[PDB]
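Chemist: A single structure is presented below for examination.
Read-outs: derived from the displayed coordinates by stated rules, not from any lab. Cβ atoms come from the backbone with ideal geometry, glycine included; neighbour counts cover every protein chain shown.
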Number of protein chains: 2
Amino acid sequence: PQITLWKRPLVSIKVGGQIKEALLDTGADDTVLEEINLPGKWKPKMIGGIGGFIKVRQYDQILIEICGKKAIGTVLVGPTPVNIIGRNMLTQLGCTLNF
Amino acid sequence: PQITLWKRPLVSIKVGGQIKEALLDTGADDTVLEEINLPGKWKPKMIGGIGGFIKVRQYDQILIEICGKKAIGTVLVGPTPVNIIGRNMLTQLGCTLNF
């Protein structure tokens, strides 16, 4: 798809047997989703930095699908105001910004 | 240009007689730059919301240029960790996400 930036790029995502809604965010380095029950071992990671840190759960090589296209990447699970698909996963979807 | 999301999409921008460096951020609704001396009347605006608000200066119909292409949009000036080109300005550059 070609996504226009008139609206927030909120897309439907398939991750871990759930269908959630998440934002395509080029400003974000990493991918953070609200609580979800993913497979595997997870490591504890600090994200944030600005205003304080937020402890999340880093899971590796997790598959999410977006608008038909599948991606394998690191996904961090913790309390997040909105679900972020950041660049680790944007690059996996073959995603570019274009103008 | 077609921008890849392996690195942070940090680009050079021409705004208000300055050349600054700013992030192409689809996750951001608005455009916020660090202190700069822009023309015009500005209105005071609250942004943030999460963790607290940050008082910025909303200037209208400001021209920024990025990688050859010119845009006219609202730009808010205040203390920001990194300069954000959010969607108000991304849409002006004819910018899409693509995969």
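Chemist: I want to confirm something. Restricting to the stretch B:55-82 and keeping residues that are free of Cβ contacts under 8 Å to residues at least 40 places away in the same chain and polar (S, T, N, Q), which single residue is surrounded by the fewest Cβ atoms within 10 Å (Cβ to Cβ)?
Modeler: B:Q61
Chemist: With the structure loaded, tell me whether A:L23 is of a type in the set (A, V, I, L, M, F, W, C), within 7 Å of another protein chain (Cβ to nearest Cβ) and closer than 15 Å to A:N88 by Cβ or whether it fails that test.
Modeler: Numbers: of a type in the set (A, V, I, L, M, F, W, C): yes; within 7 Å of another protein chain (Cβ to nearest Cβ): yes; closer than 15 Å to A:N88 by Cβ: yes.
Judged against the criteria, A:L23 is a match.
Chemist: Which residues, counting only those in the stretch A:59-99, are touching a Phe, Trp or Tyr at 6+ places or on another chain (Cβ under 9 Å), charged (D, E, K, R) and more than 11 Å from every other protein chain (Cβ to nearest Cβ)?
Modeler: Matches in the stretch A:59-99: A:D60 only.
Chemist: Now a separate question. Exactly one of these conditions fails for A:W6: (1) more than 7 Å from chain B (Cβ to nearest Cβ); (2) touching a helix residue (DSSP H, G or I) at 6+ places or on another chain (Cβ under 8 Å); (3) of a type outside the set (S, T, Y); (4) loosely packed, with under 12 Cβ neighbours inside 10 Å. Give me its number.
Modeler: Tallying (1) more than 7 Å from chain B (Cβ to nearest Cβ); (2) touching a helix residue (DSSP H, G or I) at 6+ places or on another chain (Cβ under 8 Å); (3) of a type outside the set (S, T, Y); (4) loosely packed, with under 12 Cβ neighbours inside 10 Å, A:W6 fails exactly one: (1).
Chemist: Of all residues in the stretch A:1-38 being of a type in the set (K, R) and free of Cβ contacts under 8 Å to residues at least 60 places away in the same chain, which is nearest to B:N83 (Cα to Cα)?
Modeler: Among those that are of a type in the set (K, R) and free of Cβ contacts under 8 Å to residues at least 60 places away in the same chain, it is A:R8.
Chemist: Among A:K14, A:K55, A:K45, A:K41, which is in contact with an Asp or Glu (Cβ under 6 Å, 6 or more places away or on another chain), more than 26 Å from B:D30 (Cβ to Cβ) and away from chain B (no Cβ under 14 Å)?
Modeler: So the residue among A:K14, A:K55, A:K45, A:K41 that is in contact with an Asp or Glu (Cβ under 6 Å, 6 or more places away or on another chain), more than 26 Å from B:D30 (Cβ to Cβ) and away from chain B (no Cβ under 14 Å) is A:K14.
Chemist: Would you list the strands (runs of 3 or more DSSP E) that sit entirely within the stretch A:33-87 and hold 3 or more residues that are of a type in the set (A, V, I, L, M, F, W, C) and closer than 30 Å to B:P79 by Cβ?
Modeler: A:53-66
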